[PDB]
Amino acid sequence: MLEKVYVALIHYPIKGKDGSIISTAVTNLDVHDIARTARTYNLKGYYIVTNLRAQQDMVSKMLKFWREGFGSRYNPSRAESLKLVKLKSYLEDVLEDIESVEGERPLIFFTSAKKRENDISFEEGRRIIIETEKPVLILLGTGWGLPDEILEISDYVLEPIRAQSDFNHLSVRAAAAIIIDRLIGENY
């Protein structure tokens, strides 16, 4: 059900340009942007996943500015949307947290512009979320996309958005928005 859906923005492990594994910087706008989308569709949590202590520090400081500091008193909803945000160092820590919260490890939905074998449609994904009592975790990449090691542990790969177009390389913010709208939509 729609009150048990999570999203995670992955910064490590991430594919580099030579796809080697890299660890990306967190772009500040990604935190605010995807938090607002998650909040709008009543998702349970938004995880920012990064093993870079400099990034963890920047995100933590930013979070308390907007959640506790001056920022929390001149927005309203920066802070409302940002309450959903949790920082974690690794995907495994995300999985462990959801298991603690939900009593159960989540179904993992891999996302990619690049067509994979054995994927599901968004209609098929919506059906799963409707019919399941399991928590669902939507994974979003940075850099040059989510790596094979994460693909290997994903339960489902959602088909690419606009797979038959001549161009479908969306930002992660635009992709997240569309993915969440297709899966949750105007259902309350």
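We number the residues from 1 along the sequence you see.
Here the stretch with the larger average CA B-factor, out of 31-39 and 57-65, is 57-65.
Stretches 73-81 and 90-98 differ in mean C-alpha B factor, with the higher average recorded for 73-81. Listed residues 155, 148, 124, 119 were ranked by CA B-factor as deposited; 119 comes out on top. In the deposited entry, the Cα temperature factor of residue 161 sits in the bottom third of values across the chain's modelled residues. For residue 168, the recorded CA temperature factor ranks within the middle third of the chain's modelled residues. Split the chain's modelled residues into thirds by C-alpha temperature factor. Residue 140 is in the lowest one. Sorting the modelled residues of the chain by their CA temperature factor places residue 26 in the middle third. Ranked within its chain, residue 128 lands in the middle third, by CA B factor from the PDB record.
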